[PDB]
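Note that we place each Cβ from the backbone using ideal geometry, even for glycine, and neighbour counts take in every protein chain shown. What follows draws every value from the coordinates through simple rules; no lab data is involved.
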Protein chains: 2
Amino acid sequence: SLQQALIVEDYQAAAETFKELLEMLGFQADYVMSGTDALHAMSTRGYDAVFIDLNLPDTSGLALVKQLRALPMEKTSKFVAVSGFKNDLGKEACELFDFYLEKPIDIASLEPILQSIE
Amino acid sequence: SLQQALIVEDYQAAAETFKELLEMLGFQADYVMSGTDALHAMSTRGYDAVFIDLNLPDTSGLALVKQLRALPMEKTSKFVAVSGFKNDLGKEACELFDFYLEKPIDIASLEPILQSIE
C-alpha cells in the first residue's frame, strides 16, 4: 500500500523539498503551512505520519500536536517533531511525539522513521 | 505478580524515599548509587522498570541508558529519565527513554508510569 504523510511547515520551498524526499522514499505527502490548516487537513483526511515543525506562524509545534491527537481519528497517526534545536524538546515533547528529526532533513534520517511506521 | 524496579540515584536519602513510594504503589524496588553498579545490577537481575537520574557521579543518565539497553536481557526493561530540568532532555533522550519524570517525584506522577508498565 501507500503510506500517507502530512507535512506542517510554513516555508513553501522547505515544504516541497521535504515532500520530494518523502515521495522518493515511497510516501504520498501533502503539506500545509499553518496549525489551522493542519487541523482542517486532519479533519477531512487520515494520515499515517504527520511531520510538525516546532516553529509555526500561528502556534508552537507542541501546542499543535496536543490538538491533533485530540481530533477524532479512525486510525491514529504517528507524529514527528522537526526541530532546528535540547532547547526545543522538553518533557512534554518527548511524551507527545513519536519520532524526532533535527534540521536539515535528509533521506537517511527519514528512512528509519518511515520503516517503523510501516 | 510483583513488578520489579531499579532505581539509579546517588543520594541515599532520595533513593530510599523513591523506593518507599514505588513500594507503596506495589513494586519491589532496589537502588544503586552509580552507573557502574547499575550495569552490575542489570547483569545479574532483570527489572521491569529502571529509573535513572540524569545526573550521576560517574556518567550521564543518557550515556548510561545506552549501555543498559545494550546488555543482554531476557526481557526488555522500560527506562525512565528522572530530571530536575527542556535543558536536560534533547533528541536522543526523547528516543532512548520510555517515560520521563521531573523532580520532585511523587506518587501521582509515578502512578501512570507504573500503570503503563503493567
### Near pairs, Cβ below 7 angstrom, 6+ apart or cross-chain, from the stretch A:84-102 (facing chain B (nearest Cβ under 7 Å)) to any residue that is polar (S, T, N, Q) and surrounded by fewer than 16 Cβ atoms within 10 Å (Cβ to Cβ)
A:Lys86/B:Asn87
### Filter result (over 20 Å from B:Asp48 (Cβ atoms) and crowded, with 18+ Cβ neighbours inside 10 Å) within the stretch B:63-92
B:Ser83, B:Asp88, B:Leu89, B:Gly90, B:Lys91
### Query
Quick check: is even one residue across the stretch A:40-49 among the aromatic types (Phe, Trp, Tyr), part of a loop (DSSP other than H, G, I, E, B) and crowded, with 16+ Cβ neighbours inside 10 Å?
yes
### Query
Does B:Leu110 qualify as being more than 11 Å from chain A (Cβ to nearest Cβ), part of a helix (DSSP H, G or I) and hydrophobic (A, V, I, L, M, F, W, C)?
yes
### Message
It is to be established whether one or more residues within the stretch A:20-37 are in a strand (DSSP E or B) and of a type in the set (D, E, K, R).
### Response
yes
### Message
If I filter the stretch A:6-19 down to residues being assigned to a helix (DSSP H, G or I) and touching a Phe, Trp or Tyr at 6+ places or on another chain (Cβ under 6 Å), which single residue comes out as farthest from A:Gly61 (Cα to Cα)?
### Response
A:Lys19
### Selected residue [within 14 Å of chain B (Cβ to nearest Cβ), under 15 Å from the mean Cα position of the chain (by Cα) and in a helix (DSSP H, G or I)] from A:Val80, A:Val65
A:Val65
### Query
Only one residue in B:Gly46, B:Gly84, B:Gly26 is of a type outside the set (A, V, I, L, M) and on the phi > 0 side of the Ramachandran plot. Which one?
B:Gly26
### Message
Need the failing condition index for A:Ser116 against (1) within 18 Å of A:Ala14 (Cβ to Cβ); (2) surrounded by fewer than 13 Cβ atoms within 10 Å (Cβ to Cβ), just the number.
### Response
(1)
